[PDB]
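Ideal geometry is used to build each Cβ from the backbone, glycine not excepted, and the neighbour counts take in all protein chains shown. Only the coordinates and a few stated rules stand behind these numbers; no lab work does.
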Amino acid sequence: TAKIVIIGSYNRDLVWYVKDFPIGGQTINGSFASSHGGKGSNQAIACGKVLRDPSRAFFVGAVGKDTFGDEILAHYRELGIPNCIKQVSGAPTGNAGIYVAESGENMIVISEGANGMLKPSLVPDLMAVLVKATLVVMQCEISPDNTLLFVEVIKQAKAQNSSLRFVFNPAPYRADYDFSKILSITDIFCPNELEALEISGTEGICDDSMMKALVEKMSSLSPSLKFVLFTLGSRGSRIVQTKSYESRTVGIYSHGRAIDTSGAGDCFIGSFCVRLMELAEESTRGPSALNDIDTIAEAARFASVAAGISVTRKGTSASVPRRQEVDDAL
Amino acid sequence: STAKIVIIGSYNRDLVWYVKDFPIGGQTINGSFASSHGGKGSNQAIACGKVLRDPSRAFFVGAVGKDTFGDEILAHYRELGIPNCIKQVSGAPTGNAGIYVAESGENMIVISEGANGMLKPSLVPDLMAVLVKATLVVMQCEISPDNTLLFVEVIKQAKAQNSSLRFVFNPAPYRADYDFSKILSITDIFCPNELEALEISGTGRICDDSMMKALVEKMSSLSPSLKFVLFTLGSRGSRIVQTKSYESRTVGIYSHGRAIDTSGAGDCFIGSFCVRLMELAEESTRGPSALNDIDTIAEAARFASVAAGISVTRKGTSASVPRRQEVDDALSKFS
């Protein structure tokens, strides 16, 4: 039975590796690789791989009736991750055209495709799974209006299941998302530095005063918001509690030389959820342990270690470590 | 049925995303995706087949992978009726390109040459037999530099046996790793655009008549074979300059209607130019040495302009290359 529900995107990543980004009008040569991607699916695969039993993760997404769509369903079967990936006839499977420069910088163009069809009506049995789960996770790679439909289902599910926490990762930043409505049922908000800056309006660096002001602005309109986990890159992460503005700093874990940071944010969000869901069971206070800032901090230390291992390897989802390796480095 | 135009070059599956503006480094944006046939080698061979009266006079030489894209392009050539010896290899996948097209029309292109890097003479051991009976052989810059030089040696040996064979070299896209000096030494007709000509001499960035003399001068200085440089000037048309004498012929654009998509219009120009060049070498009292006359070169380029001018009124890379009757019809009204 599923305890972590990931509702989000699948994209087939088509990636060209170049020395430098081409400039406008320029034709350059590069090296090509194709791989499974999409922030929603990346986070579900990271959950399944870091979980002690992958059957506790559950991925919700929509793909096309094409080869890419067939291959990702077969891949989830091979991974042992339950899902209700619906194949639709309207659009092709989503993809992304990606340029990776030798510095590590990215350029990403997504063709959302079938991700634009993911609605609650496409997945009629979602409510039954959500009223028994601990975490539900969403990103910004499906359509804004369909995200709001899922928000309404989750809002109904949390009123029936008080143990459910909604983790919202606002990635990538999309100006057309109604963040106010999403935050009204969000329990833990997980932006990175640039995403937090675009959602605030007030350059390139988040200071302590800006992070407190963002928590205040977001929490003033939200009865559910309890924690903001700011992802700060080389600075690590900051957990700030709403109302009290209690803060915990969690540093970068340095496992070794950085080879490939692709997928490292999704691995962090996935690993973070795995440990959150486990701490809700390994605790006397129960799922109300997810209201204590030190529980959130321990999960983030766990996520930092797993993401820190991920950057010493290559291949996005193939870089997500074993549970034992994370246990060892902790 | 005997092949008269041999195109040795690349096939790329074009993977194209249409965006409002190019993303900046570290940015994720949304776009619209389309997949289509590309490769400068294959585009120019397909333009030949469509502008030719009988497509069997064109012949495409290229390498693709033993994958889906490779199977589809072999089948595609069959439906077009264009002979080829597309070799399928297991070393690499079929070549592709990841392309961003902004609403301005500007491109960003990254090529993964893939199986195009395996195209060597040894992969096509019977090429010499075809080249010694052909009129034109055409190459670009989308296979490997070292293998291009191997093909250059084959062509040098073919021209010594077939004095009617002419080498048309379109140096696209500009590659700093190409030994252009060695390629030009057996090139008969060189077809750069303004920027490609400027990069092959040592500059970066309209260049005037005194500048073009120095460029033609440098191109010809080490080549015993170079006879004409056809400068492609985009909306300004083209410019044919003879080596040694610098006789010049200007060939303006032919405007067919509202420009919709200039994608593939250089390749359509090169292909049509070769079709008409090959035809003028047959329709003449003086033999293939008609290809040594600057006015014959000019007539081939007038034909290529009309075909390119039609292609820019249509969308679709090689889908916008017109049929010969369409080219013949518009050439009549233009005269």
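How big is the charge dipole of region B:5-163 about its Cα centre, in debye rounded to the nearest 20, if each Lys and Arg gets +1 on its Cβ and each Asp and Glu gets -1 on its Cβ?
The dipole of region B:5-163 has a size of about 580 debye.
Under a point-charge model restricted to the Cβ atoms of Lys and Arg (+1) and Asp and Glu (-1), what is the dipole moment magnitude of chain B relative to its Cα centre, in debye to the nearest 20?
The dipole of chain B has a size of about 500 debye.
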Legend entry - Amide H within-cut-off set for A:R165, under 5 Å, with H built and near neighbours excluded: A:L135, A:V136
Legend entry - Order of A:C47, B:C191, B:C141 - criterion: other Cβ atoms within 10 Å of each residue's Cβ, fewest first: B:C141, B:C191, A:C47
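With n ≥ 4 as the cut-off for DSSP H runs, can you work out [θ] at 222 nm for chain A, using -39500 (n - 2.57) per run divided by the number of residues, rounded to the nearest 500?
Value at 222 nm, helices only: -10500 deg cm²/dmol.
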Legend entry - Top positive-direction residue, dipole computed over region A:202-330 with Cβ charges, set A:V326, A:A299, A:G204: A:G204
Legend entry - Shape box of region B:41-164 [Cα atoms, principal axes, largest first, Å]: 48, 34, 28
Inset, instruction - Count the DSSP beta bridges whose two residues both fall in region A:95-217, then state the antiparallel fraction as a percent rounded to the nearest 5. - result: 50
Inset, instruction - Anything over 30 Å Cα to Cα? Flag those among A:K65/B:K66; A:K19/B:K156; B:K159/B:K315, in the order listed. - result: A:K19/B:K156; B:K159/B:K315
Inset, instruction - Kindly give Rg over Rh for region B:1-113, based on alpha-carbon atoms, with the Kirkwood expression for the hydrodynamic radius. - result: 1.06
Inset, instruction - Calculate the spin-label point distance for A:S31 paired with B:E106, positioning each point 7 Å from the Cα along the beta-carbon direction, and give it in nanometres. - result: 2.9
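Sorted from fewest to most neighbouring beta carbons within 10 Å, what does the list B:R302, B:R258 look like?
The most exposed by this proxy come first: B:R258, B:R302.
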Legend entry - FRET efficiency, A:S163 to A:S55 (Cβ-Cβ, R0 25 Å, nearest 0.05): 0.85
Inset, instruction - Considering the options A:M127, A:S222, A:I108, tell which one lies farthest towards the positive end of the dipole of chain A, charges being +1 on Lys and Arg and -1 on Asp and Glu at the Cβ, about the Cα centre. - result: A:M127
Inset, instruction - For chain A, give the share of DSSP beta bridges that are antiparallel, in percent and rounded to the nearest 5; count only bridges with both residues there. - result: 45
Legend entry - Segment B:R323-B:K218, extension gain: residue separation times 0.36 nm, minus the distance between their alpha carbons: 34.0 nm
Legend entry - region B:122-171 shape via C-alpha gyration tensor axes, a/c threshold 1.5: oblate
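Given 25 °C and 0.890 mPa s, compute D for the protein assembly as shown with the Stokes-Einstein relation, Rh being the Kirkwood radius over Cα pairs; round to the nearest whole µm²/s.
Details: Rh = 27.6 Å.
In µm²/s, the coefficient rounds to 89.
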Inset, instruction - Decide, for chain A, between rounded, prolate and oblate: order the square roots of the alpha carbon gyration tensor eigenvalues as a ≥ b ≥ c, take rounded if a/c falls under 1.5, and otherwise choose prolate if a/b is larger than b/c, else oblate. - result: rounded
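If the only charges are +1 at each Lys and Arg Cβ and -1 at each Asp and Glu Cβ, what is the size of the charge dipole of region B:192-335 around the Cα centre, to the nearest 20 debye?
For this selection, approximately 220 debye.
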Inset, instruction - For region B:88-231, compute Rh as the Kirkwood radius over C-alpha pairs and then the Stokes-Einstein diffusion coefficient at 25 °C and 0.890 mPa s; write the answer in µm²/s, rounded to an integer. - result: 147
Legend entry - Neighbouring partner chain Cβ atoms per residue of B:15-25, average, 10 Å criterion: 4
Legend entry - Potential lengthening between A:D207 and A:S244 on full extension [0.36 nm per residue; Cα-Cα distance subtracted]: 11.6 nm
Legend entry - Computed lengthening from B:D177 to B:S122, 0.36 nm per intervening residue step minus Cα-Cα distance: 17.6 nm
